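Below is one structure, written out as structure tokens; the observations come after it.
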Ligand SMILES: Nc1ccc(-c2ccc3ncc4ccc(=O)n(-c5cccc(C(F)(F)F)c5)c4c3c2)cn1
């Protein structure tokens, strides 16, 4: 453990060299203003400049870079020294990026607020975060209780040398050993047990004495126990070793008195590679409790696994579950690729330490990768024309096993499409050592693929160190700005690294050192990720490495933010206590502790670190009247240019779900305006600051549909009086609502009522609550409304209670958005998949991802999808239309009347078959069902099945594909009556069956025939 941690710490010290504090690029000391490249105007900008009372105000064209805008400003009053920052926000604009790229400018242009920038030199910029010379210079880090017990042991041995009273002295020796074991988590190695029993016997049995030699064996056995407990400090290759994988589970040490009270204990042993087990788990023998010094659970059972060491892949790990008291996991190869050998002491937690003895040969077995093939590589049509359809496939989910085997065979012909490599690697048949030569030699010549698509290669299914490393190598093509918004997926992807010092963690630390915003985001994500029981330890280690590398300035700022979070936590929790008028008083009394630490502590806002705070505005700060009792905190800005900071802070409810929902919506808007569709969406942030509590970005001049109801078109009219301004404010409503519609369906957020739908003064619509964000199955399976579009919301669409051209436009926008998200189904699925391990409710199963995919209809053509979504909108506006759309949506995502196939070897052969009688049925249609009498071989009692003439027709047509028409009997083809035709068809079908079961043995024993006569729900009663 600590040897792996030392290696990790060394590699961190190496990583710090490429980021010296002297380089301003890697260590600016300030946040950069996040930018999103938008496809396809001028606006007014006020730029503060040094020496002038009033800022310079002028119209600045958006296309122009920031550099030329600085040069434009310099005219009214060193080139590299001047930079532009946002007024009241400690975030600097990008130098070589256009103005309308930055989130702050685009937010300002959608909101319609004055752009306030400040031109200043790098010297004048606050850099309290900048990593100093001491930080860069310092080492990376993340008292001894047994020394005295060893001293006492050696002293008791020195006294034992006196032959006056040997027995006496030896007793105090043995007692010393007891205390040592008790201190070492209670671990008594069998070497010590045998050494103490040998000592007792060598003392009782009177150039060496028997007491001296047996005591020298004690010392040896204790120091060997220490070597194992600390786990600190002739080479055969792994693919040579033909030995079976085996180890000897010894005992669990330092057991509590409460355990002896559970009758018997046993372990379940599993071996896994890319997440899924390799073989059925192996149980251990059930044993009670053994006693020598302490109470233990002695097993001493060899466990052998049906594979050789050669077969073992590098990333293979051994799981031992205790009986579900605790689960331990051990990597069969260490971080240095040496195969686990000798005794191993594993740590388990309950409401403790497991000794596992691995074979310790004289020679150390190490694992090594195969050499590179270096082949470095003929086109054939039709098969190509078809293969292109399989590379066109959305993802690896929409692939049949036959498609996978066909794709893997035409492997080297897909070198012209890098983004399908996850489809190839998920279509790889085997993961054997000999086949790795081919795959690795392919990957090393494989052209780098889109970093968004490289997320897929970071899931558990692609847990090969070389694949992961290449994935991380290709990931270094994204902007930090694009990364930050994907960062949580990467934090959860750290779970699928068995070794601490992964490529992934190195990349994340590299990016965190290059950008404070990334480090800031990583901090809160790793903080909430510590709540994991298993990966807790790992996440502490990567967070500790981030803090130690981030410098004293950054870490001290984050420590400030942490205490601010904890104080506001305690305040918000005190409001849940009181439901009287007293509640409003408890805010001010609880504020004593909060405003006190603000004295000589300019803390940054955890939700938006660019904002700095001095103190609170008691008059402004109020509660929120719901069930969670959230608090809006109005903090005065430290920069007098900046406006007051309104932020919500919630306790009791889990925000992890909200965060994921909002990240999805943000990425939807991103990919929308990445193609040139700007549905002017409302993007509000949210930060899980701990355990079911965190900060929420507040939206000014916005209320829910309940508060507007108690007072819709009149609300917007109040804020936009002019009918000119009103129609322009309604245009915003159409675009925002459309974006909300496509987001609500595709995500499967169904629980849409007046309280979770919200509108702002400008007319932009946004959803706030995401309790059941991924509840797709509830919407599909049962009759939960996919989207709610109120008649009032239809009134807000230009034209009141009238068919309008603007509604057809709205539909066109909805359809265009739907298609644009359908093109990126894989990205959405990969993001959700990586966020499964978080333990978020409604995202636990792969089926949840499949449901999203089925709701996205990626196979369907854009035009057919637009028809589907238009008829969804038509529904949203009677119950009859809603139920019809429900039936067509269910039928779309989905022998006919018997899905499951059955053979005569399961149900039992048939002796006699006749059509007993015919029954008339009106439901669903006015048809005739026929009661077929079946007598099985050896069965006394006759069964019955009920089959309609259409269910017979299907069978005759199904059998005509395999068997010829001359071998099968003729099927019956107006006159008489409907009852007389049914009465004659009875006898004609009875003649057809008799002729079918006596034609030949191949026909009468076909699997379709058995299936046709198989019991179903229509047959049973
Ligand atoms: N899960 C959630 C719930 C609510 C919000 C949310 C976000 C921004 C707001 N911006 C402005 C306003 C203005 C008046 C206002 O009342 N709210 C608001 C709406 C619903 C619930 C609450 C709550 F009780 F939970 F605090 C507050 C809000 C806002 C509520 C975010 N996430």
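Residue numbers (the working numbering): 20 to 1040. No residue lacks a Cβ here, since even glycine has one placed at the ideal position from N, Cα and C.
Exposed unless 16 or more other CB atoms sit within 10 angstroms - verdict on residue i
i           : result
residue 599 : exposed
residue 259 : exposed
residue 500 : buried
residue 1   : Past the edges of the chain, shown from 20 to 1040, lies residue 1, and the structure says nothing about it.
residue 187 : exposed
residue 994 : exposed
residue 100 : exposed
residue 927 : exposed
residue 375 : buried
residue 961 : exposed
residue 448 : exposed
residue 741 : exposed
residue 253 : exposed
residue 271 : buried
residue 207 : buried
residue 90  : exposed
Same chain, Cβ closer than 7 Å to residue i, five either side skipped, listed in chain order
i           : result
residue 751 : 699, 781, 782 and 783
residue 769 : 791, 794, 797, 798, 803, 804 and 805
residue 566 : 574
residue 544 : 506, 507 and 510
C-beta contact flag for residue i and residue j at 9 Å
i            : j           : result
residue 564  : residue 50  : no
residue 871  : residue 847 : yes
residue 785  : residue 759 : yes
residue 635  : residue 714 : no
residue 114  : residue 86  : yes
residue 1008 : residue 934 : yes
residue 314  : residue 368 : no
residue 352  : residue 333 : yes
residue 518  : residue 377 : no
residue 586  : residue 716 : no
residue 386  : residue 482 : no
residue 816  : residue 749 : yes
residue 489  : residue 558 : no
residue 284  : residue 268 : no
residue 610  : residue 631 : no
residue 75   : residue 121 : no
residue 169  : residue 231 : no
For residue i, three-class secondary structure by DSSP
i           : result
residue 45  : coil
residue 692 : helix
residue 21  : helix
residue 714 : strand
residue 325 : strand
residue 648 : coil
residue 529 : helix
residue 426 : helix
residue 946 : strand
residue 121 : strand
residue 700 : coil
residue 210 : helix
residue 870 : helix
residue 665 : strand
residue 28  : helix
Closer than 8 Å: residue i CB and nearest ligand 2 heavy atom
i           : result
residue 703 : Judged by which ligands are present, ligand 2 is missing from the structure shown, whose ligands are ligand 1.
Beta-carbon proximity list for residue i, same chain, < 6 Å, skipping 5 on both sides
i            : result
residue 214  : 236, 237 and 240
residue 134  : 64 and 127
residue 875  : 841 and 844
residue 1016 : 932 and 1023
residue 471  : 846
residue 247  : 362 and 364
residue 905  : 802
residue 723  : 774 and 777
Cβ-based neighbour list, residue i, same chain, cut-off 8 Å, excluding 5 preceding and 5 following
i           : result
residue 878 : 413 and 417
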